[PDB]
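Colleague: You'll find structure03.pdb just under this line, and it carries PDB, C-alpha atoms.
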```pdb
ATOM      1  CA  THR F   4      11.825   8.171  12.466  1.00  0.00           C
ATOM      2  CA  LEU F   5      10.480   5.115  10.644  1.00  0.00           C
ATOM      3  CA  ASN F   6      11.575   3.697   7.301  1.00  0.00           C
ATOM      4  CA  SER F   7       8.569   4.197   4.976  1.00  0.00           C
ATOM      5  CA  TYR F   8       9.834   1.485   2.633  1.00  0.00           C
ATOM      6  CA  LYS F   9      10.169  -1.177   5.359  1.00  0.00           C
ATOM      7  CA  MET F  10       6.615  -0.311   6.480  1.00  0.00           C
ATOM      8  CA  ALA F  11       5.349  -0.588   2.905  1.00  0.00           C
ATOM      9  CA  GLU F  12       6.872  -4.080   2.595  1.00  0.00           C
ATOM     10  CA  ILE F  13       4.721  -5.079   5.582  1.00  0.00           C
ATOM     11  CA  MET F  14       1.647  -3.680   3.826  1.00  0.00           C
ATOM     12  CA  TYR F  15       2.565  -5.401   0.542  1.00  0.00           C
ATOM     13  CA  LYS F  16       2.280  -8.879   2.048  1.00  0.00           C
ATOM     14  CA  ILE F  17      -0.920  -7.804   3.830  1.00  0.00           C
ATOM     15  CA  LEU F  18      -2.169  -6.835   0.329  1.00  0.00           C
ATOM     16  CA  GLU F  19      -1.510 -10.390  -0.909  1.00  0.00           C
ATOM     17  CA  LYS F  20      -3.560 -11.810   1.983  1.00  0.00           C
ATOM     18  CA  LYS F  21      -6.334  -9.226   1.897  1.00  0.00           C
ATOM     19  CA  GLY F  22      -6.602  -8.693  -1.883  1.00  0.00           C
ATOM     20  CA  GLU F  23      -7.151  -4.931  -1.633  1.00  0.00           C
ATOM     21  CA  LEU F  24      -5.711  -1.967   0.344  1.00  0.00           C
ATOM     22  CA  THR F  25      -6.490   1.719   0.905  1.00  0.00           C
ATOM     23  CA  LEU F  26      -4.917   4.399   3.120  1.00  0.00           C
ATOM     24  CA  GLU F  27      -7.395   3.465   5.899  1.00  0.00           C
ATOM     25  CA  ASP F  28      -5.855  -0.035   6.056  1.00  0.00           C
ATOM     26  CA  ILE F  29      -2.393   1.478   6.633  1.00  0.00           C
ATOM     27  CA  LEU F  30      -3.819   3.766   9.337  1.00  0.00           C
ATOM     28  CA  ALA F  31      -5.565   0.840  11.079  1.00  0.00           C
ATOM     29  CA  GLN F  32      -2.616  -1.544  10.849  1.00  0.00           C
ATOM     30  CA  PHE F  33      -0.007   0.851  12.276  1.00  0.00           C
ATOM     31  CA  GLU F  34      -2.122   3.330  14.332  1.00  0.00           C
ATOM     32  CA  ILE F  35      -0.253   6.336  12.947  1.00  0.00           C
ATOM     33  CA  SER F  36      -1.059   9.807  11.592  1.00  0.00           C
ATOM     34  CA  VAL F  37      -2.442  10.577   8.116  1.00  0.00           C
ATOM     35  CA  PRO F  38       0.770  12.290   6.913  1.00  0.00           C
ATOM     36  CA  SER F  39       2.821   9.240   8.048  1.00  0.00           C
ATOM     37  CA  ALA F  40       0.405   6.857   6.333  1.00  0.00           C
ATOM     38  CA  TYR F  41       0.735   8.848   3.073  1.00  0.00           C
ATOM     39  CA  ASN F  42       4.540   8.423   3.189  1.00  0.00           C
ATOM     40  CA  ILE F  43       4.036   4.661   3.484  1.00  0.00           C
ATOM     41  CA  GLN F  44       1.407   4.686   0.721  1.00  0.00           C
ATOM     42  CA  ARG F  45       3.900   6.464  -1.537  1.00  0.00           C
ATOM     43  CA  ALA F  46       6.511   3.740  -0.858  1.00  0.00           C
ATOM     44  CA  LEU F  47       3.856   1.015  -1.316  1.00  0.00           C
ATOM     45  CA  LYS F  48       3.057   2.476  -4.748  1.00  0.00           C
ATOM     46  CA  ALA F  49       6.770   2.217  -5.643  1.00  0.00           C
ATOM     47  CA  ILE F  50       6.847  -1.475  -4.583  1.00  0.00           C
ATOM     48  CA  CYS F  51       3.702  -2.240  -6.630  1.00  0.00           C
ATOM     49  CA  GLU F  52       5.213  -0.603  -9.727  1.00  0.00           C
ATOM     50  CA  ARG F  53       8.179  -3.008  -9.404  1.00  0.00           C
ATOM     51  CA  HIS F  54       5.717  -5.930  -9.670  1.00  0.00           C
ATOM     52  CA  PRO F  55       3.008  -4.934 -12.177  1.00  0.00           C
ATOM     53  CA  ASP F  56       2.127  -8.624 -12.722  1.00  0.00           C
ATOM     54  CA  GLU F  57       1.182  -8.942  -8.999  1.00  0.00           C
ATOM     55  CA  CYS F  58      -0.067  -5.522  -7.922  1.00  0.00           C
ATOM     56  CA  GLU F  59      -2.305  -2.904  -9.506  1.00  0.00           C
ATOM     57  CA  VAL F  60      -2.604   0.677  -8.298  1.00  0.00           C
ATOM     58  CA  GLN F  61      -6.185   1.742  -9.011  1.00  0.00           C
ATOM     59  CA  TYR F  62      -5.866   5.519  -8.817  1.00  0.00           C
ATOM     60  CA  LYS F  63      -9.439   6.802  -9.011  1.00  0.00           C
ATOM     61  CA  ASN F  64     -11.096  10.127  -8.163  1.00  0.00           C
ATOM     62  CA  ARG F  65     -12.532   8.616  -4.962  1.00  0.00           C
ATOM     63  CA  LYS F  66      -9.198   7.250  -3.662  1.00  0.00           C
ATOM     64  CA  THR F  67      -6.020   5.279  -4.408  1.00  0.00           C
ATOM     65  CA  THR F  68      -6.656   1.544  -4.055  1.00  0.00           C
ATOM     66  CA  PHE F  69      -4.074  -1.233  -4.315  1.00  0.00           C
ATOM     67  CA  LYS F  70      -5.347  -4.500  -5.780  1.00  0.00           C
ATOM     68  CA  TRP F  71      -3.705  -7.922  -5.773  1.00  0.00           C
ATOM     69  CA  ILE F  72      -4.002  -9.317  -9.328  1.00  0.00           C
ATOM     70  CA  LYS F  73      -1.518 -12.240  -9.367  1.00  0.00           C
TER      71      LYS F  73
END
```
Can you give me the file's structure in the form of structure tokens?

Modeller:
Amino acid sequence: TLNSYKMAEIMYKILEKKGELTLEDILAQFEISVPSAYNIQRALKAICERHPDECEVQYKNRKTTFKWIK
């Protein structure tokens, strides 16, 4: 059992470095399953919504994409 929120915090600072994140980036970083990555993505979305001046969730028909906008 892994804390999805703690994992998402790791991704959030990777977002700041990288500028942009998708589910594939979570999968590559952690080497985990798709369902697990979606749990982290859900927690990452919650973190981004706490900082709308820094992060932008670009939900589009292709895929959810996190963008650093600070």

Colleague: Here's the selection I'm unsure about, the PyMOL selection byres ((chain F and resi 13) around 12); applied to the file above, which residues does it give, as a ChimeraX atom specification?

Modeller: /F:6-12,14-20,28-29,32-33,43-44,46-47,50

Colleague: Which residue, F:26, F:35, F:40, F:5, has the smallest gap to residue 65 (chain F) when you use only C-alpha atoms?

Modeller: F:26

Colleague: Can you translate the PyMOL selection byres ((chain F and resi 57) around 12) into the concrete residues it hits in this file, as a PyMOL selection string?

Modeller: chain F and resi 15-16+18-19+22-23+50-56+58-60+69-73

Colleague: As an exercise, work out the distance from CA of residue 64 (chain F) to CA of residue 34 (chain F) in Å and give it to one decimal place.

Modeller: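 These atoms are spaced 25.2 Å apart.
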
Colleague: Expressed in Å to a single decimal, how great is the separation between CA of residue 66 (chain F) and CA of residue 4 (chain F)?

Modeller: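 CA of residue 66 (chain F) sits 26.5 Å away from CA of residue 4 (chain F).
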
Colleague: Have a look at F:68, F:21, F:27, F:63 and name the one nearest to residue 48 (chain F); count all atoms listed in the file.

Modeller: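 Closest candidate: F:68.
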